[PDB]
Amino acid sequence: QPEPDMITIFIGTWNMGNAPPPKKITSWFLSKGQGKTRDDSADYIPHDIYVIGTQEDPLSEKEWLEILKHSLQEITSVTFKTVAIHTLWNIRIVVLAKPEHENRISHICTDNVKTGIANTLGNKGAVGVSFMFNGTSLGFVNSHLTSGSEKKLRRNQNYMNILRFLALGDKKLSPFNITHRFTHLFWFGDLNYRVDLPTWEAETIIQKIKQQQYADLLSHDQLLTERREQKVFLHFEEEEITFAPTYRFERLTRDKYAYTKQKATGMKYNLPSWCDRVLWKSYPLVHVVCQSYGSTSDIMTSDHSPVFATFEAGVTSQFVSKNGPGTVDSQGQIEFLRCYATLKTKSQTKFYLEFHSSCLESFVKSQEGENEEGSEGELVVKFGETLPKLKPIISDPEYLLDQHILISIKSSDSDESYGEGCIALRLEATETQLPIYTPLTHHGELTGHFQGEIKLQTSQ
Ligand SMILES: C1CN(CC2CCOCC2)CCN1
């Protein structure tokens with residue numbers, strides 16, 4: 001029975017509007033409706049992993065698990081195993097997997113973050129799940145961010161609080177937040193970003209939707225505009241949107257958008273918006289391909305339509321050699337040449353690096369770099385040829401070239417990370433000096449750059 005080198009992952013996000021679902025929701029799991037939809041010929045082919053995010057979910061965990069499992073069984077005739085379920089208030093995440101994956105899945109983590117203070121603490125936040133699938137780390141975040149057209153800044157703050165404080169993945173990766181802990185990170189939910197056009201344009205917007213002319217609407221979508229100005233979701237991807245806005249519908253039809261201000265909306269307009277989204281971030285040069293991104297047309301119990309996205313994702317096997325794990329392989333080494341960090345910080349402390357990777361027995365601390373002034377004000381931290389030689393646990397190129405090195409630059413004074421990034425070992429050549437580069441972030445905001453050269457020795 002060979003270990004897979006690809007799996008398919010289903011991501012679902014649905015704000016259920018505090019209403020039970022209808023008796024049939026199979027269209028969701030089948031990626032059928034509007035947008036980038038799945039070929040009919042694939043309908044019986046199960047995804048390897050189904051991750052279901054709900055918001056405003058009125059069901060017990062038991063009630064929803066029964067509906068989900070019975071839905072997948074009707075579609076595929078496969079009885080899926082429950083990997084994890086985690087609920088914060090009415091925000092829920094369910095991970096189901098094919099039974100053949102039960103012994104490939106380990107290190108299952110769940111967490112939640114509550115966003116806001118006092119007034120704004122009580123129903124918004126995120127839940128998440130992580131685990132290993134053989135040699136590949138997977139993370140999944142379902143967030144319900146602050147509502148309202150005039151609160152995009154609050155949403156961006158919610159995002160930063162969730163990525164700082166959601167405790168998923170390998171706790172030994174202490175300088176790194178969830179945006180660096182996983183081979184593949186999927187972040188979805190009712191992100192609540194709106195189409196930011198004048199209220200008076202509501203009927204014009206509806207007209208455009210009926211014509212399936214989304215271009216002039218997406219150019220005003222707050223998530224796309226905020227992403228373009230690097231205010232939120234820096235270094236995350238989203239598939240092109242080719243489905244109608246998923247909010248706000250009259251219930252029991254999809255023929256009408258309910259946008260007008262009502263006591264029930266706190267006298268706020270809800271212009272048709274793409275509230276319900278799926279984004280991802282994968283380590284550099286790892287295969288990840290979106291194969292569907294769309295909304296259902298036939299599930300109408302909520303004022304939101306369900307959104308689906310499916311992905312092909314590269315995975316690696318749990319590698320054993322004669323040597324590692326449990327020793328080094330002297331035939332392998334990672335050298336860094338002519339490296340320097342460029343930092344936006346106005347501080348003057350000394351900095352050192354930490355190298356973290358599951359190809360090392362444990363993380364490696366460098367010597368302090370040498371601080372110089374950049375020609376445009378910047379701090380440049382030079383490491384020269386001083387950086388340690390990294391000693392991987394396995395030298396086999398079929399293992400090593402699939403690995404990644406996480407880099408933190410830390411203050412000698414405080415031991416706090418000023419920047420985090422990631423370098424792929426999927427090089428064009430071994431035993432050859434090649435350029436490397438990573439942006440550096442902290443709390444998911446750009447704080448600098450790391451660049452230099454790498455020289456990788458494998459057993460071949
Ligand atoms: C793909 C997407 N890119 C920028 C997007 C920002 C928001 O709107 C769409 C473009 C980041 C890197 N490459």
Side-chain angles (χ1 to χ4, degrees), residues 9 11 13 35-36 139 141 143 145-146 149 151-160 162-163 177-180 182-197 205 208 212-247 271-295 307 309-314 342 344 404 419-424 426 435-451:
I9 300 173
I11 307 294
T13 184
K36 181 178 199 78
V141 177
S143 64
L145 310 183
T146 295
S149 68
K151 304 200 171 159
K152 76 182 182 192
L153 168 61
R154 279 297 172 270
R155 288 189 272 281
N156 299 345
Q157 289 165 347
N158 296 155
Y159 166 80
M160 173 175 301
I162 292 156
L163 74 86
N177 62 62
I178 52 163
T179 75
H180 284 118
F182 307 105
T183 314
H184 303 281
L185 172 61
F186 297 95
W187 189 322
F188 46 100
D190 181 354
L191 305 193
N192 250 320
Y193 292 92
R194 309 309 178 90
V195 167
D196 212 347
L197 277 170
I205 293 165
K208 298 296 190 183
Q212 301 178 39
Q213 288 171 21
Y214 306 133
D216 304 334
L217 303 186
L218 288 164
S219 73
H220 297 274
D221 168 71
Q222 295 168 331
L223 186 50
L224 285 170
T225 61
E226 291 297 271
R227 280 180 65 216
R228 194 179 313 108
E229 290 179 37
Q230 293 185 35
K231 304 301 189 72
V232 78
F233 277 105
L234 180 64
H235 303 144
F236 282 73
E237 305 300 330
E238 193 188 19
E239 178 60 281
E240 186 184 358
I241 293 169
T242 66
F243 51 100
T246 54
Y247 184 69
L271 294 181
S273 290
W274 286 278
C275 286
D276 308 297
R277 307 292 272 271
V278 179
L279 300 92
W280 72 95
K281 178 185 186 186
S282 307
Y283 282 171
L285 294 179
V286 180
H287 183 85
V288 55
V289 173
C290 182
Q291 293 285 39
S292 72
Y293 193 33
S295 64
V307 166
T310 61
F311 298 84
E312 304 174 343
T342 304
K344 299 183 180 298
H404 294 84
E420 300 98 57
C422 182
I423 297 302
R426 188 159 283 172
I436 57 161
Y437 168 76
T438 183
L440 292 176
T441 65
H442 189 69
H443 303 163
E445 294 195 315
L446 191 66
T447 57
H449 305 279
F450 180 88
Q451 66 209 282

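Count residues from 1 along the sequence. Because only heavy atoms are used, hydrogens play no part in the values below, and waters and symmetry mates are left out as well, while side chains stay in. One-based numbering, in listed order, for ligands and for the atoms of each.
Annotation: atom 8 (O) of ligand 1 to nearest protein heavy atom, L224 CD2, 3.4 Å. When hydrogens are left out, the protein atom nearest atom 5 (C) of ligand 1 is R227 NH2, 3.9 Å; that is the closest non-hydrogen contact. Among protein heavy atoms, the minimum distance from atom 13 (N) of ligand 1 is reached at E237 OE1, 3.9 Å.
Under the 4.0 Å distance rule, the nearest protein heavy atom to atom 1 (C) of ligand 1 falls inside the cut-off.
Rounding to the nearest 0.5 Å gives a distance of 5.5 Å between CG of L218 and CD1 of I241.
Ring to ring, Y293 and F243 are close: their centroids are under 6.0 angstrom apart.
Defined by atom type and a distance below 3.5 Å, a donor-acceptor pair is missing between the side-chain atoms of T13 and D276. For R194 and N192, the side-chain atoms include at least one donor-acceptor pair closer than 3.5 Å.
With contacts defined as side-chain heavy-atom distances shorter than 4.5 Å, the pair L234/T441 qualifies.
Contacts of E238 with ligand 1, taken as heavy-atom pairs under 4.0 Å, are absent altogether.
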